[PDB]
Q: 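Handing you a structure now.
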Amino acid sequence: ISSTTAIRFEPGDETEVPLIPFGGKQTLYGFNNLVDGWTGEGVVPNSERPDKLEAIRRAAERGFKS
Amino acid sequence: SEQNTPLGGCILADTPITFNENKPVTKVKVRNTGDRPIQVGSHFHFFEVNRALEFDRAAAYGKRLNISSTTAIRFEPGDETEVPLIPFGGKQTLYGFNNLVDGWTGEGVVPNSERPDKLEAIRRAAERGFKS
Amino acid sequence: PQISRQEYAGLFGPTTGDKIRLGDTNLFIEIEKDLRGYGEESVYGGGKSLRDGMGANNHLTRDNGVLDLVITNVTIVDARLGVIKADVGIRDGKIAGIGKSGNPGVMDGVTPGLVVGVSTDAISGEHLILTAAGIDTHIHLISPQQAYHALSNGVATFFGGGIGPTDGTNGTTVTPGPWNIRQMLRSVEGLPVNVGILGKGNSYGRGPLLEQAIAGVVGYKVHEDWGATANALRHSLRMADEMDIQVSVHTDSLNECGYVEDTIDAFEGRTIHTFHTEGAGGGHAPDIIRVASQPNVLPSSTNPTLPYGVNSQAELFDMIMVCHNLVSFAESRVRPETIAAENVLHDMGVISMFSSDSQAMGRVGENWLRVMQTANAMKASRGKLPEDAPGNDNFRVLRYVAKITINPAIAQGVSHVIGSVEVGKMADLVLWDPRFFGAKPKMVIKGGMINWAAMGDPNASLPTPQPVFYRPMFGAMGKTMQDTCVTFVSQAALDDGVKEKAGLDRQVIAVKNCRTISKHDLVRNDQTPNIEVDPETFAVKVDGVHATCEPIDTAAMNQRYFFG
Amino acid sequence: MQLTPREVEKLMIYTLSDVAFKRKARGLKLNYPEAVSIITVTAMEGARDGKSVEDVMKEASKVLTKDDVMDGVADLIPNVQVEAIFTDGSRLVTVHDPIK
Amino acid sequence: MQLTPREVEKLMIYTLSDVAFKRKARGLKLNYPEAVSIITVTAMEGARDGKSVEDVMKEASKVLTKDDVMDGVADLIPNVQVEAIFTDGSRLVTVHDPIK
Amino acid sequence: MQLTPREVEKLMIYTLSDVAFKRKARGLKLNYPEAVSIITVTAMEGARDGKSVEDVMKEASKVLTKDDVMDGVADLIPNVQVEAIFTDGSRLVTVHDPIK
Ligand code: NI
Ligand code: NI
């Protein structure tokens with residue numbers, strides 16, 4: 001979406017949203033302290049980096065609904 | 001003899017050198033599951049070697065290869081080799097490598113249980129992708 | 001009046017639209033812009049224009065901004081300014097202006113700041129090319145004499161490490177620990193080149209890194225030889241970001257703790273300088289070259305693989321086998337396919353810097369030579385770059401120049417003071433004869449003084465009589481050599497009083513802007529394509545296209561020019 | 001001629017090998033410096049002559065014998081290395097066990 | 001022999017020209033340094049031999065041809081200058097367009 | 001070759017004597033530096049050849065004559081001294097009145 005704008009998710013509603021990657025260095029510090037690093041793909045097409053899988057696991061047990 | 005030694009040469013005695021004699025030896029089976037050659041040296045923390053190596057990782061906890069200081073073992077793609085393992089000396093404090101331990105790798109004092117920091121390590125290997 | 005080009009050129013050199021052949025190469029540069037008008041041309045001599053009250057001002061004191069030095073009617077080849085004809089002016093060892101020099105009393109169109117006066121000396125640039133001095137990011141401090149070999153190919157800044165011919169220095173660009181650093185800072189006071197020193201990065205806590213930072217390093221070098229671990233990387237980079245200093249890497253060739261992909265992940269999207277990115281000089285075999293796809297990687301090659309020649313495989317093979325006193329490590333280390341690939345990627349703007357690896361597989365006195373040699377081999381094989389202009393090779397040349405000039409500077413956080421011919425920068429400059437471009441310079445200007453030059457018989461009635469050989473000059477003499485030379489350091493160190501503590505007489509300048517930079521900040525070499533390497537045949541694909549070229553038999557600027 | 005430090009340094013080699021070649025031709029058995037000189041210049045001259053690294057290497061590994069040197073010198077010269085200027089550039093030449 | 005800096009410097013010329021003359025005699029086409037060497041020493045030796053500046057000049061402008069040099073070297077050697085020690089003293093010799 | 005300062009210095013002698021021997025063979029009468037060179041190298045080469053100090057001395061005192069030198073040079077060379085490397089080591093050789 002447009003820089004500076006937002007999407008509102010009202011209680012009990014469902015919306016489809018478009019997502020895109022961050023630019024630059026793809027270094028994400030802060031927010032909910034889920035990553036505090038590099039969010040890039042790296043160099044291997046048709047595998048996941050382990051720090052990504054770590055992140056994803058950590059979300060799950062901090063309570064971040066999937 | 002002395003009459004035959006080249007300029008700066010050495011006259012070596014006969015008796016073989018015996019090293020690492022006291023140290024208990026664990027044999028592990030190692031398969032390289034990657035497409036690229038992997039080579040590991042004598043003092044590397046075997047536990048923390050290249051993710052693509054598949055072996056009993058738990059057995060390599062606190063261990064190094066029981067080879068000559070400064071030498072190495074080459075694991076070519078899709079080959080299987082048995083390797084001798086031995087514990088590290090000194091304080092058994094291992095910092096760095098792949099950041100799997102960053103501590104004490106000793107047995108501690110209780111024969112027929114594992115220390116929990118070891119089990120932590122082993123679990124962490126598993127989910128960082130270090131093949132067992 | 002009206003004058004013929006040919007007559008004009010003879011007096012003043014080439015102007016806008018005129019083309020110059022760079023040696024015995026097939027590269028032709030073209031003057032884009034002429035900044036110094038027509039009819040009021042500033043030249044030094046008997047009966048000429050820079051005489052008292054005429055082209056030279058004779059009434060202004062120096063504090064009116066009169067120049068200390070002027071370089072006249074010169075062709076500027078620079079990666080940021082391009083290919084221009086201008087007067088260049090120096091004041092307080094700094095570039096004050098690029099434009100039209102003279103006397104505003106008697107002349108129209110004198111660039112502000114380019115007032116020639118009583119204070120001014122002169123250099124005649126008419127038949128000359130002016131460059132920024134090169135910057136060598138991969139120096140092993142094995143031998144102090146390297147500096148002389150460097151100055152003699154137009155390099156005046158060294159980044160690296162060592163402590164003389166120790167086995168650690170022979171293999172790595174490390175000056176380990178605060179004692180050794182101090183020592184080395186003190187030593188380099190005796191050298192006629194700018195210096196910044198690198199430290200040993202392989203550490204577990206902050207302590208050992210911080211130590212060296214304060215002691216004065218500009219960087220940390222992560223090397224296999226001391227451990228190129230994930231741990232090393234991670235802690236080195238975290239510290240770096242703290243200290244505003246750089247990290248350079250020589251990766252694990254054996255794949256002991258990991259593959260390239262794992263190394264990449266150890267970088268943790270953090271800015272890093274990658275030495276010998278191809279791998280012949282070290283690195284994850286066969287495929288370290290894939291790091292050139294990443295936005296956080298500032299890639300370099302060492303100079304023995306550039307250009308790719310017919311003797312290249314023979315040489316390298318045998319070299320490692322002695323470098324490492326040694327065959328399956330060898331033929332995996334030395335890959336024709338990736339070497340060719342390195343050459344292509346250079347030409348594409350995907351590998352951003354040249355370097356030497358001095359007396360640890362490369363040639364400290366051949367960076368400007370090899371750059372030109374590569375550009376020319378590549379024109380031959382590939383033709384014109386798409387962005388080239390049809391009549392000229394400017395786009396190309398300028399890509400290559402960025403490699404030894406502005407790009408190294410940016411990487412080590414010194415582009416604020418050095419690396420381009422631009423206003424406000426340290427006058428670290430090289431003068432060349434076109435006939436000799438890249439190979440054999442005329443002079444080096446080091447902090448506004450001539451430090452190094454091709455000089456014949458000091459007893460002779462001229463400066464030109466034989467034997468002509470490279471010699472130190474007055475900027476290389478006395479207390480001026482320190483005055484005119486910079487020792488680069490960490491801000492941490494600067495702030496802690498390194499200059500006092502270490503007792504340095506050099507200029508001491510803090511490195512800055514190392515950690516916010518990426519590949520895209522690099523000049524003319526900002527490309528991040530997909531790179532794939534075949535683990536069997538070592539073949540390289542760049543956005544799906546096979547990246548190869550054929551070896552050269554004959555190099556330009558080579559056996560014609562050199563006895564060596 | 002605008003001689004660079006690398007160019008000037010190489011004059012030492014040329015001077016010592018001229019002396020060395022004169023001595024060998026008198027039947028003198030060569031010493032360490034002298035022998036190293038002759039192997040070095042052989043390479044260097046090959047380079048200039050337009051040969052390959054491979055080819056010069058062979059050539060240089062064959063110029064001197066055990067007979068042509070003083071007893072023990074072999075032990076002092078396991079390998080010789082020099083940078084020479086080949087058609088394609090400067091290249092390192094290692095010559096392995098040159099005194100056979 | 002009480003060698004002065006000027007005397008010592010001139011040994012470089014003698015060493016490079018000996019190499020150069022050997023190369024030319026093998027049929028090698030000369031490079032820049034080598035060619036400059038041969039012209040320089042020709043002058044120098046003339047001086048020593050007792051000739052005039054005028055006469056040595058001629059001599060030196062005739063020692064090398066286009067054929068004897070590598071293509072382009074001419075463009076690199078428009079003139080050669082050396083100080084030589086003539087019967088009447090040290091004198092500058094310029095040799096104009098020596099590779100014809 | 002691990003050349004020491006003493007080793008390197010001796011290259012000057014070898015270079016000047018080569019020039020000097022070429023000149024003498026053209027019939028040029030030698031000067032001071034040149035003549036000193038030839039006597040010096042004669043000794044040096046003798047040493048290397050395995051002769052005695054006594055024997056080299058003789059040899060060197062006989063290489064040059066009054067005829068072979070420029071008038072007066074004798075007066076400039078009363079004696080020549082050099083250290084050479086004999087079988088038993090480095091030794092000083094004085095050569096007394098070498099131009100007879
Ligand atoms: Ni390296
Ligand atoms: Ni290096």
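In listed order, ligands and their atoms are each counted from 1. Proteins come first, then strands; the chains are lettered A, B, ... in the order of their sequence lines, and each starts at number 1.
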Q: When the ring planes of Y400(C) and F354(C) are compared, do they come out parallel, tilted or perpendicular, using 30° and 60° as the limits?
A: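 Perpendicular: the ring planes of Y400(C) and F354(C) meet at over 60°.
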
Q: The Ni ion (ligand 2) is nearest to which N, O or S atom of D357(C)?
A: OD1

Q: Looking only at N, O or S atoms in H250(C), which is nearest to the Ni ion (ligand 1)?
A: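 Minimum-distance N/O/S atom of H250(C) relative to the Ni ion (ligand 1) is ND1.
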
Q: Evaluate the side-chain proximity of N558(C) to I85(D): yes if any heavy-atom separation is below 4.5 Å, no if none is.
A: yes

Q: May I ask you to check whether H250(C) and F275(C) place their ring centers less than 6.0 Å from one another?
A: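 No, too far apart.
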
Q: Taking backbone and side chain together, does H223(C) place any N/O/S atom at a distance below 2.8 Å from the Ni ion (ligand 1)?
A: no

Q: Rounded to the nearest 0.5 Å, what separates atom CD1 in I272(C) from atom OG in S248(C)?
A: 7.5 Å

Q: How about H138(C): does one of its N, O or S atoms come closer than 2.8 Å to the Ni ion (ligand 2)?
A: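 It does: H138(C) brings an N, O or S atom closer than 2.8 Å to the Ni ion (ligand 2).
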
